[PDB]
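Below are two forms of the same protein chain, given as structure tokens: structure 1, then structure 2.
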Structure 1
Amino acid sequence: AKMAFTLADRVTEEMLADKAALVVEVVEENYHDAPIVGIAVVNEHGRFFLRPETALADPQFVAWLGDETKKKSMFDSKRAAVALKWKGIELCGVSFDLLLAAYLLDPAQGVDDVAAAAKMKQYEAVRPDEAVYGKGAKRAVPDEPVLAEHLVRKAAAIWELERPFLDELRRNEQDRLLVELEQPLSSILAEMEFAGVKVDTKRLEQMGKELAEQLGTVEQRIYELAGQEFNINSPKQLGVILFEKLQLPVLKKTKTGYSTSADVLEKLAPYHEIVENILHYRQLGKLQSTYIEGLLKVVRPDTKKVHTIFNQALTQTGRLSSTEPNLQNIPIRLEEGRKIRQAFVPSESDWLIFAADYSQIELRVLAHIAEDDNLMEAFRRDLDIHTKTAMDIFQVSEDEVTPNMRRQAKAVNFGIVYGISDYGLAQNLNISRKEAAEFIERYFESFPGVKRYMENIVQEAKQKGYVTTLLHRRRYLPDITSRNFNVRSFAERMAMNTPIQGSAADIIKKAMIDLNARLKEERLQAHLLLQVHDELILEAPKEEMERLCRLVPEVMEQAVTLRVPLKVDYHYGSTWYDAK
């Protein structure tokens, strides 16, 4: 049942038609400066396989790749675009990306290869990538005959599936979401990843040295207090020392033993001096292992840059994720960890880091969608939302809001932004589930529009089977009808929350597209480096800061027009740490 195709030794004119399904295969998970193992082209003239060395050296093929008027349909075009950028080759004209199309149709499917996307439309004349390349240590590129047939079958699937996928997207009112938002964003993320972020490795190595010393000191103190040496990083061995040898009370249990999480340890500190030391050890160790050694492992020795990969087709909220390295969770809340950011510096001499972030975009989105009079007024006055929330739920005047009250209201707001349960809020505030539920009840009394929205969206999710965001992103919630309380409750919370987090994701994605267009019109050298959910990090010549102070916030604030204003704060400095 083999598929017919030409194993070309050279490029020909019919291979350069104005429309084609194109496969530029990069097997390595991390595609930065990675090998392209094969190329496949399927168009009106037939199916072809090309060896990279040949195609990529052919002037006509390269010109075809870079010609925006020659339309290509692909799967994960960002992967191909970046691998080509490392080879100094520009990829243009990608009018359809099957990975992004599948992602928008149903992000829950977890489509990660052509075969998975194809199976959505009952097309199975293509093998999963894992079946062809294997996994782990067994991972390997097969012989040419096997490789060629696979790439051709993937190209063939893309060629056949474009129409049905576009048709369904159109029915879902998601055609513009793909063509005007996700696909243009894919090219921007490609530029960001390729640019990378410069790292001051010397600074990082010096911090590591200092941490190594502090860890050694705390480590010995721990053994001294424990009366014996053991593996501190082993919750198992640690649990024995704490709850058996030292007899500390067991306040929480894990699936396999005693809980030793920070929240638990904090409660045990008063009982024994070893506890504070364990917490200190955990803090230093986390910075050392994850943020010092971890970062140093992925920095490119020649340029001293790290090149993350943004996964644009994973979350059911529409948010982006970051890997190898993950640059969306670099420490900032605790000063010792925050210092790690001093190691992230501008890539050019006399350039600076510029960071802009939306102020409470999620709650502003909620005010808009729920049309809650109180919440909308709060943002129209640009009030400190935590103080305002405290005033309302605790029924007091602004001057009567104490620090503890604001902290708890802030936690309630966090819970609303991330859609946590009463149990989750209770754990975050170290209170009972009942008291946490009471806080939520008071919040609904103060913001009846939000309560009405939460009730209505849950009913809508049950009726339609899904919920949608501002720009029509969709999330199916089959568990909304489950007779299992916990399972159904999570689905209900996601029905309430996805439109909030998801719309915020839509907005910043559009802002990135609008920003790049403006930077180009203005002829600025400034460029995006990272996205951290509601923040955008750029670098630019020091001479462009003043213009950026006005341009970036404006473009981000005007990305969409809501019933309440959008507000963006910004800072810049010599390092990411200083961009505060």
Structure 2
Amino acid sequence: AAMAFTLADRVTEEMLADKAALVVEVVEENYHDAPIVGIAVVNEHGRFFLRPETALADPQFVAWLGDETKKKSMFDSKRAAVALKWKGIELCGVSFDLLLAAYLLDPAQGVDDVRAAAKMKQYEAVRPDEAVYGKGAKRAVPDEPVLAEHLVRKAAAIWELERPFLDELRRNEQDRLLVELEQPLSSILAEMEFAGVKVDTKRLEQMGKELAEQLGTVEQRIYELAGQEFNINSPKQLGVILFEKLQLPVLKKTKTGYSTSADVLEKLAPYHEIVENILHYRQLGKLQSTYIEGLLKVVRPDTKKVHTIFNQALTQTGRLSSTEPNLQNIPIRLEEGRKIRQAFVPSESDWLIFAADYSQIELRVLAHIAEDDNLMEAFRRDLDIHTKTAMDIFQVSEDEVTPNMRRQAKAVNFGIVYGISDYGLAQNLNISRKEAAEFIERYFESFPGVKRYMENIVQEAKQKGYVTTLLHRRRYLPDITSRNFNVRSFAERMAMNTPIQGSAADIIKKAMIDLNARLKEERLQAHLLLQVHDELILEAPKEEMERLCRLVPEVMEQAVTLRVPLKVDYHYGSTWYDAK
């Protein structure tokens, strides 16, 4: 039974009501400078479909879009906000975003269209987007009659679903999470994405040029040491050369064949000169394919800017993800790749890159939630926690902890945050399970509060059905009751880790909101460019650096008050690389 609506040829006052479900359709997955395919409005006066050329050309409609007192309910308002920024139009008054509401209620649903969100509440009078647009080569906007009905049905679903979603969020104590954290953050992310990050493409091409020389040399060498040529990127090919031709030990059997994972090659290095070369070629190869070629593919030719899209409704812990390009996984560990960062520069003359990062926020969050006296005292003294953990588990004074002891204690700290298991630690440290179990037992002896939290959080997940973070984000863990040990253990690890990684996500998100408000009050020209889990990257006039040095760390450190202090380090320079 088709849905009734007015396919309007011009905007009417009836369509500019104080509250409405609004759909501003952008079908292209990447909405940056993308077309707005159609518009639907549903309010007390009825259901309307508007052609974009006509609506966005109408001063009253545009004014209505920008009037913050006219409330709109939408699904993925950030997509609309950004598509509109590229057209010079401001969207204001979004009081409810169904995508974010669905995500908070249950991140696992994987809700990515109005249909999926509506199904959560047994509402199925709307089609999935893929059903009407198709996928890939078949993706396409349908003719007006079909397009118009789909947008109206989506707007109708949003109009109908807003109350039940808000009611459940309030029952979950997530009402403020949506209205005071995620929705305001959505606007900040739209600004970041729209601003983009300037790329020195010439520097990138230079690098790409040199990289190509090195790759050839390492490749030729590999063929030499191999006795002949083969596809170094072909797993099969590599495995035959390594384990058959060269007779290297197979101390890790892949499904049916051999493993050439990094740690395995790392273990075989001692046996043959070719292994070191293979790992280096993989290193350089990743730089070339993803951080040079792949990057250059998404840089805008006119402005030389890259505009990522932060997916705010994807991760199971509350973190953001970044795509096209992923600006959250730019190399930094190895110097060769870290240089890629020299290509990320300020967007204006005489501006600089400013980077601020939390120091051990996960462990500090753990100290707070576990209320472990020893861990809390360590952060109160601002000690190096890895040296401190080594001192405690290996029972030695600071003077006697060796580099090897610190390295292993650090690995224990990682395991504790990830959700500890003797096998996971054994694998990471390349030791036996019993030895790893011993390290863990000694850890819990020194940090009994943490031990109690890990036991308690697992029982709680079992009792309630989910775990939560500081700001009430939640994650259901059905598998925690599974009778399969491996399946149950993965859930137990999630129970242990989620509240830590998730609360750290909550904190930095609130810091971003607090920071922008401070930035605005001060009328500073500085603005956010990126967020990479526990760090914020901005660019600003060189004349604002001194102010930023005091402002950013303070806002980040004060975003939330924990039982231990929060500490933020910062650096700035002429490129992202120099912001160290």
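Definition used throughout: the rigid core is the maximal C-alpha set that superposes within 1.5 Å between two forms. Quick note, the numbers are simply positions in structure 1, starting from 1.
Of the residues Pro142, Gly285, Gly449, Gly424, exactly one exceeds or equals a 2 Å C-alpha shift between structures 1 and 2 once the rigid core is aligned, and that residue is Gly424.
Here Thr256 exhibits a Cα shift of 4.2 Å between structures 1 and 2, evaluated on the superposed rigid core. Note on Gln316: its Cα is shifted 1.2 Å between structures 1 and 2, core used for superposition. On rigid-core superposition between structures 1 and 2, the C-alpha of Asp33 is found to move 0.4 angstrom.
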